């Protein structure tokens, strides 16, 4: 890995890679002109004794007053310290890296007036695997989170290295840096932004994609377990509807299931009964989810590359303009859009689990266990799946419709983006456990169809679980199988089965 960054061109695949593992990045040569021209425009401003809100002024009373250079540098440090008023648990290192890399990418577009050196410090922190402490709560949509992150560049706050908390000065030394002093506009350029919000929603995107991919394999498996039909996936149906999310989704089911399989060939007349909607309506429901997560990816993919601070410096014209790109509204809706998709992927999955337990519909023993008079089988695991799916209805309440006036009514409408994306992580754990249980149930039920095989990709799916979780013979401690199946899903065991070019970042 050696990313050579052309600022404002990060793709969603690049973003998923960054979220997933360490990165080694360097600024492309072409980003230097604009970055340094932005600094020179700020320096010409101060050189000429001109005033510019957000560049060489103070705030509140002194908003149009040209604070002396002598203490315009101490203002930079006061902003960072006073703004780091975040609260709650620390962000994990992967999320701290994604935020750092997004701040670098926005600042490197050269519209923010910050020295190249300061951007290089964030890059060296990234390259050394030195991750500032960022608390989870605080932003209303990302001063607090970005200030905490910036504290390390001043030699304050603290940082994580090889899983341990180092002092900012040792942490900086790990990266081969020494405490920095900030210049005019650099405080606002590091503190104003939508990176924390975007990173949180991007994590939500990534999980929703992982869960989509897993649902198509789990769903394909359950279709087979209960001797369901392939007819509902026919392209002609989906083409007649015209929904693109749905067309692609059915195409995924077809790829994974194939025209037929040993199991399916074994049901002479498959047509005899209609499949219930948890199976038959998979392309329509999972299709709606696909569209939702695609609509959200497009907004989040652009946000990742956005110049989100304020005021902005347009050095080509000499203008410094105060706007509002820090308002993370589109990110908050993108996140509330993903909540719907994660919740519904989970709901459809719980209903497939419930059908598999029902002997009037499954064509399988009650609760998937032989000798059900004395064993309970999957009975309580289904209960667990219902618990998790239900939690997601309340969790899907939108955060994007709430706002409270802050900063004495000057900040009178805010996004609440951060709370929007963070709640997706928990929604994704909820749907992750539902899918885990479905995976186990479909595998158990196919197993009961003694000796028969499903398609080539679904068999790989059965084999990945069977490598860790044995067929359920008689009652035993059930927890540990669920745990093991959840962990497998979280590692991307089923992601690879989905065909290419379907999900935004894959």
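Positions refer to the first chain, counted from 1.
In terms of unmodelled positions of the deposited sequence, the chain runs continuously from residue 346 to residue 347 in this entry. When the two stretches 404 to 412 and 418 to 426 are set side by side, the higher mean Cα temperature factor goes to 404 to 412. If you average the C-alpha B-factors over 367 to 375 and over 302 to 310, the higher value belongs to 367 to 375. For the set 166, 339, 218, 296, the PDB entry puts the maximum C-alpha B factor at 166. Set against one another, the Cα B-factors of 144, 205, 79, 196 in the record reach their highest point at 79. Among all modelled residues in its chain, residue 385 ranks in the lowest third by Cα B-factor. Sort the modelled residues of the chain by CA B factor and residue 444 lands in the lowest third. Per the PDB record, residue ranking by Cα B-factor puts residue 469 in the highest third of the chain. Ranked against the other modelled residues of its chain, the C-alpha B-factor of residue 503 as given in the entry falls in the lowest third. In the PDB entry, a CA B factor belonging to the middle third of its chain's modelled residues is recorded for residue 200.
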